[PDB]
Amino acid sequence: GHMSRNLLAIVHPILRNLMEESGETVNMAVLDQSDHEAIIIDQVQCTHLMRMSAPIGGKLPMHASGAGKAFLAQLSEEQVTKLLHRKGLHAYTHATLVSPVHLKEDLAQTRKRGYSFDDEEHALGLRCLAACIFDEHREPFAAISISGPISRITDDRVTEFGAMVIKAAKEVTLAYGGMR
């Protein structure tokens, strides 16, 4: 399953409402079946002077972004062992997870809490929270992320932000389910 012009049309106001609720830029991405990077297909930017402003069609790293890790978290142990064996783990920053054990631990916690969290792993001062959108085969065919600076996505708000992105991704999975 996937999107879809009428689906993107449903998705867009969900993204709009999420920007307004979170105060940050929101992205929707799909997965590149390899390199397992997430490609941005839609976005609603916030109006803060400083903000996340990746371009539409921009690609986020597999192991090192909210959207990338959200997708990656849905794969089996052996699937991820094979992808890490193949692609390696480019260090964007000193926080990037470059150890398989550390990455796999973070993926485990991502499944548990319902959102991925990029904590300055792609770029210094940048945080993102993401959740996958699922089809009828429980395949993640898209992910929404909320992306913004550490000065606003503060530690005391991470859980709250995670809740917001869960709810947005859920609304899209439901919307897809409805249109069928």
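When you see a residue number, it is the position in the sequence shown, counting from 1.
When the C-alpha temperature factors are averaged for each of 118-126 and 31-39, which stretch ends up with the higher value in the entry? In the deposited entry, the stretch with the higher C-alpha B-factor mean is 31-39.
Residue stretch of maximal mean CA temperature factor, 146-154 vs 133-141: It is 133-141.
Residue 50's Cα B-factor: lowest, middle or highest third of the chain? Its C-alpha B-factor belongs to the middle third of this chain's values.
Which third, lowest, middle or highest, does the C-alpha temperature factor of residue 12 belong to within its own chain? Its C-alpha B-factor, which the entry lists for residue 12, ranks in the highest third among residues of this chain.
Quick check on the deposited entry: does the C-alpha B-factor of residue 68 sit in the lowest, middle or highest third of its chain? CA B-factor rank for residue 68: lowest third.
Ordered by C-alpha B-factor within the chain, which third holds residue 26? Give me lowest, middle or highest, please. It falls in the bottom third of the chain.
Using only modelled residues of the chain, where does the Cα B factor of residue 174 rank: lowest third, middle third or highest third? Lowest third of the chain for residue 174's C-alpha B-factor.
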